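In what follows, a single structure is set out as structure tokens and then discussed.
We did not get these values from a lab; they are worked out from the coordinates using the rules stated. Positions of Cβ are backbone-derived with ideal geometry, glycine not excepted, and every protein chain shown enters the neighbour counts.
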Amino acid sequence: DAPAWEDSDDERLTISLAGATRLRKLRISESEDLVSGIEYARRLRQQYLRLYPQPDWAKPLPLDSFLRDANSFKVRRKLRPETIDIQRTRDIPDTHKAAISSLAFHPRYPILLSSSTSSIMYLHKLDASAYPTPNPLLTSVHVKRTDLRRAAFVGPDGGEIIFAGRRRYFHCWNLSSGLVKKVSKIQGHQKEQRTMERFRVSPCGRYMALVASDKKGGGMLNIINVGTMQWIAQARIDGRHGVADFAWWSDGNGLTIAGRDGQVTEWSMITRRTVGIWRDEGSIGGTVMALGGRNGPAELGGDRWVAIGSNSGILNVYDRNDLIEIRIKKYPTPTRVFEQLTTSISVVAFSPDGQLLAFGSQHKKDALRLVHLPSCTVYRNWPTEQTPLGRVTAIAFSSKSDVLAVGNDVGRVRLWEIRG
Amino acid sequence: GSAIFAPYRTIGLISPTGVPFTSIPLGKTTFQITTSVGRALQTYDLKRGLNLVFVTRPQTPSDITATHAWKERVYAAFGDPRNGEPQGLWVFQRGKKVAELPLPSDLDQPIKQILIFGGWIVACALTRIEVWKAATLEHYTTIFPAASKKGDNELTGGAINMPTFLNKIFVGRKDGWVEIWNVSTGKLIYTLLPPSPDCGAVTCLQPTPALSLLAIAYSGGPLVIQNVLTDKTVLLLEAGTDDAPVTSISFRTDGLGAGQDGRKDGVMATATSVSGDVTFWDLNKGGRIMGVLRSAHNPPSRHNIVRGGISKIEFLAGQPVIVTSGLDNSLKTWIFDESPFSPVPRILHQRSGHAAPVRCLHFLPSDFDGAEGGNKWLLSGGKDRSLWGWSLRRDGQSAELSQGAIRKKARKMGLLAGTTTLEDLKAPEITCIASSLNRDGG
Amino acid sequence: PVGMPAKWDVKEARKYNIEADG
Amino acid sequence: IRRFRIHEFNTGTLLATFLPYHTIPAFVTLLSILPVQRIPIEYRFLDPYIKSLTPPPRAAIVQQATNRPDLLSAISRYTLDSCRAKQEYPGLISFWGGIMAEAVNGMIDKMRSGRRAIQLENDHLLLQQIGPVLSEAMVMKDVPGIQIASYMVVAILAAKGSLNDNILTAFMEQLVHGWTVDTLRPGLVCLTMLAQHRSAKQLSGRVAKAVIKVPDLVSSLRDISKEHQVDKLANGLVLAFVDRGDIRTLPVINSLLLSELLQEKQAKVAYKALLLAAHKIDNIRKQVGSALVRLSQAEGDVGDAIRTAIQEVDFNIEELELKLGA
RNA sequence: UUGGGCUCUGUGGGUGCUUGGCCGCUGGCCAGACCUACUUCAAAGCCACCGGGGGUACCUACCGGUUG
């Protein structure tokens, strides 16, 4: 501990201690007045240590190094299962005069179709950054005498919109060239479909299935070649009151019917028959179904998850890879059962990516909760009581799975950012 | 000029510029704070709240560029001669100029900072250090450091004395060197070189409450503490990010407040003028950090009109008190707590002016013929989107007119954490206000 | 109620004068 | 007590040192004759029980540990002083394990907020609180029990809390720095947790060094993957090993490649890593060739994946075979 | 608007017009320090707040005396 540099000016310097009043009390005897600079600075050291005693820091490990690192303290993802970086964004300025019938997202661009039982469709672009009207209205199209029940985007590229309500006929609007088709005949089934109410379009945009107004012991429905708009097939299962809901698989070759009393039937096109039947466990009557996922059983369409919502109000979610025994478990077991809403669930929907599951009931104020896959639990920190949802009626994920759109029965759709 | 209105004062201001404050202890009961308006300097009380004790008159003709306050006098250097402005240094006492400092005629440099000790004052300009004998207020010498490079000769960071070293100054180069010069003979006696020389410049430096140890803050990032006669490094710390250099540092001399027990000393506060945050380290075992204070002011941004920063830190004499003056016209004095442990201090004093210009300006009508009166309260609607009731009488009794528990709202959210920011949470800016105290019953 | 910081006071703490560094 | 007034003068240390016996009547009597205004601010939770004499339960103490950090702070300080003075004992450390585990469990169980920078900053403050004790217990070399307890708390810290990869690897690094052989297999379980909840695919160096130092690697790894899913750990291992240009890791590489532990994707990308290592290398290549012919002549699905990976990289196994055999 | 309310407590400001903390101050200090000197002449009187009627042995006071 040798001192590196030295000075000669301190040995040259001397100071008068007894003359100095401040320095007077630093002597050792009553004889030290003229004191050299080196001894003077030494007495300064003694005075300073008497003023303040020396500290212990004045007397490597990995996390100690991380700890002293301050770059360790600086201020869409895949998302963790109990909370969400969720952010309510700007609201759609245009309202609906009637209850909201449906929402639909365009698969390429952030384009949103809102649809109301006031016989009215709106198209908007998602733009929080718009001025002076964020999320601008593209279009407001009204269809006479025809309250819209449900509409679908047709095309994986998303080019057409079909829409169908309480009338016996439906329409296809080609956006390019803007043409309308009024389909009104399913080739010998014109006593057989007194509505056009429920329908689903394949993910490949190829097949349209329409449910039938003939319940009588079992649901039936017709598969349609979409580009030709023709009857191509029919599926019919034996139940009690006909079709509850239904959905294609991830391929667009086979599909699933859930009918009331909770009976789910898989049906492939290449065989043109029902793959099989099983029971949603203990559900006394279903009302909603949905199908989603990836990396599932490819022979059953490669989708991972099936969502069943029953008229009691319980939500049964299953894995189709566990549905296998091409043989079928007649009594499958619940991957996850959901008792977090009282009344019958109104609408449920899968995320495109296969992570999130939104579900809600409409009789209660704002019955909507959110599920992470494959942990299959709720997100316990959204939505609040004072999250302004409304008596929910329609729920759509965005194409890129960043945006949530919801709509109550009052005509007020609202939007959320799903940040992971 | 004009024929009716004479200039009286510029208000709405406690510390908006970049110049740090200077702080002296009076007795064992008060602390004087001294801050520059930009055309004057005020001195506040600490114990007696944060009211204004001294206002500096007369006005300097130019923007002040340096200051320090001794036992009685206020030494203020003003003037960047590089663009027109005449420069000088003045000596005030109790708000009034008693003396003026004789500048060297060959000073074409703005004068950076000021230090006083012994019988000498030293003043660092840009790369040049001038000395006056304080006992006579007379020019003594001028220190000229030398480097091989036009860059490296720059005197960034600053200079300090050690408490126990006779007549020795410690300066930081634009290179990572610290130079010790004896001011009595005016001779460069020693220099110390930065370890791991990837770090570029000494951005700051400060003596510790222990003897003969200097802490050096590097623009390349390291905070080091070293013996200054042994040239013996005590500790390295990787705290400065590359483009986010630290601004300055201070140690806790209050005697306790580390080791998580309350039973330990040696805490460092540091801060960066890139942020609005400050940082707290327990220096004993590994020099660990313990606590981040997040957004103690508004951090500076060029995308936004908001103005702010952190111009300084200081631990005062031996107490839980720490001052931070920012650039957001902003002082908030913080306080260490005893009965629990706490990572951070909580606020205990505040004064604020805006972080943006004033949009609208209005007076209050008289308490109809009384004292609250014509000339007491002036409402100011600032482009920082806020409303302030300024007191012409006693500037401390001005206040904000809050919009609620807005800061706590931000803290529950993340406006203070890391979306919009706090001005975007407060209501938009102010077109035009009108007042009427014809019912305003207090 | 516990956990509470008291009325803030000025503490007495002696300091070193650097004016003797001449 | 009756001579040195210890109940009055050393309330905190006495209170902590009988605190882990919270269901015995001796502790009840101590609670009976303490002075209330002398109980520490951290310790003022027993006030309902000192109004009503009854042994308080663990749920109460730990709930105070959750929404009162400083209780944990004080009990951490006592028990680390105990192990630093080498007077640790199993009842103490078992109590302290339960305390830290449920404590930090509850701490995350609130600290998850949903707001982004809020969860980051809360994890920051949490780390600042748990820092010293967890480091001292991760590398507390004399006390294996507190090593196991530190393993426990940092393991739950990993698996529950969505921590950042650098902090996770720093935990890995101090554990690597600090384990022993009695603590060996549990520390392996911790690294399975750590790398399994890691997001990046590689390990940082000295971890791989000490895992070479691990004696029974693939046997222990099969034993743990019997219940623990060690795949990300094995993948980070083989990435670090092909990154290292040392040639003493090759028996380890061969054994882990035959171990049937990594995924087919992990196996093919590791094989392409090994052949790009053979392409970048400038004997050494002879060892690489012997290893690569062993892997290409592997029997089962590991060899099948290796051969199909050769098929998808479209480079000639015969070329490198004859180049190393000639 | 990715939880919120009542209720209580704690801190700071201001509830009046912005000139220092201390001292043995035309000066000094804040780390203080020095500590016990020097000496020509006691004082002018007055005022001075007790609840009412009533008694006065003893005490106090006033006045007027008396021995020494």
For the stretch D:107-212 (alpha-carbon point model, no solvent) the Debye-based log₁₀ I(q)/I(0) at q = 0.18, 0.21, 0.23 Å⁻¹ works out to -0.86, -1.13, -1.30
Kirkwood-based Rg/Rh on the Cα set of the stretch A:370-420 evaluates to 0.97
As straight-line cross-link partners of residue A:182, the qualifying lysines (C-alpha separation under 16 Å, not fewer than 8 residues apart within one chain) are A:144
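Report, as a whole number in µm² per second, the diffusion coefficient that Stokes-Einstein gives for the stretch A:61-168 at 25 °C and 0.890 mPa s using the Kirkwood radius over alpha carbon pairs.
Values: Rh = 17.3 Å.
After rounding, the answer is 142 µm²/s.
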At 4 °C in a medium of viscosity 1.567 mPa s, the protein assembly as shown has a Stokes-Einstein diffusion coefficient, with Rh taken as the Kirkwood radius over alpha carbon pairs, in µm² per second, of 35 µm²/s
Here the tail fraction of P(r) beyond 22 Å, over all Cα-Cα pairs of the stretch D:1-121, rounds in percent to 39 percent
Looking only at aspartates and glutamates whose Cα falls under 14 Å of residue D:110's and that sit 8 or more positions away or on another chain, we get A:82, D:102, D:121, D:123
Along principal axes, largest first, the alpha-carbon spread of chain B in whole Å comes out as 73, 55, 44
Taking only C-alpha positions in the stretch B:84-194, Rg and Dmax in angstrom work out to 14.3, 45
In whole angstrom, the spacing between the Cα centers of the stretch B:4-56 and the stretch B:89-140 equals 21 Å
Taking chain D, the equivalent ellipsoid from its C-alpha gyration tensor has semi-axes in Å, biggest first, of 53, 19, 15
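Given only helices, namely DSSP H runs of n ≥ 4 each adding -39500 (n - 2.57), what is the per-residue ellipticity at 222 nm of chain A, to the nearest 500 deg cm²/dmol?
Numbers: 4 runs with 30 residues, N = 420.
Rounded to the nearest 500, the figure is -2000 deg cm²/dmol.
Note down the relative contact order for the stretch B:1-127 as a percent, whole number, built from C-alpha pairs under 8 angstrom at least six residues apart.
On the way: 251 pairs, mean separation 19.4, N = 127.
Value for the stretch B:1-127: 15 percent.
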Full extension between residue B:105 and residue B:2 adds, at 0.36 nm per residue less the Cα distance, a length in nm of 33.7 nm
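I need the fraction of alpha carbon pairs in the stretch B:312-442 separated by more than 27 Å, rounded to a whole percent. Walk me through the numbers on the way to the answer.
Working: 2913 of 8515 pairs.
Of the Cα pairs, 34 percent sit more than 27 Å apart.
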Taking the alpha-carbon centre of each part, the distance from the stretch B:292-363 to the stretch D:229-253 in Å is 51 Å
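To one decimal place, what orientation-averaged projected area in nm² is obtained for the convex hull of the Cα set of the stretch B:312-358?
Numbers: hull surface 15.5 nm².
Directional mean of the projected Cα hull area for the stretch B:312-358 stands at 3.9 nm².
Quick one: of B:174/B:232; A:364/B:412; B:332/B:409; D:226/D:265; A:74/B:332; B:47/B:96, which pairs are farther than 25 Å apart, Cα to Cα?
On the way: B:174/B:232 22 Å; A:364/B:412 30 Å; B:332/B:409 19 Å; D:226/D:265 20 Å; A:74/B:332 23 Å; B:47/B:96 23 Å.
Where the Cα-Cα span goes over 25 Å, the pairs concerned are A:364/B:412.
For the stretch B:35-97, what value does the Rg/Rh ratio take when both radii are computed over Cα atoms and Rh is the Kirkwood radius, given to two decimals? Working shown, then result.
Working: Rg = 12.2 Å, Rh = 12.0 Å.
Expressed as Rg/Rh, it is 1.01.
Strictly greater than 16 Å: what percent of every Cα pair in the stretch A:305-420 meets that?
On the way: 4062 of 6670 pairs.
Within the stretch A:305-420, distances greater than 16 Å cover 61 percent of Cα pairs.
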Among the stretch A:112-155, those whose backbone N falls under 17 Å of a label point 7 Å along Cα→Cβ from residue A:179 are A:154-155
Computed on Cα atoms only, the convex hull of the stretch B:26-153 has an orientation-averaged projected area in nm² of 9.0 nm²
Placing +1 on each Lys and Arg Cβ and -1 on each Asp and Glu Cβ in chain A, then taking the dipole about the Cα centre, the residue among A:81, A:297, A:8 whose Cα reaches farthest towards the positive end is A:297
Extend 7 Å from the Cα of residue A:386 along its Cα-to-C-beta direction; within the stretch A:83-121, residues with backbone N under 16 Å of that point are A:88
From the Cα centre of the stretch A:176-230 to that of the stretch B:371-425, the distance in Å is 63 Å
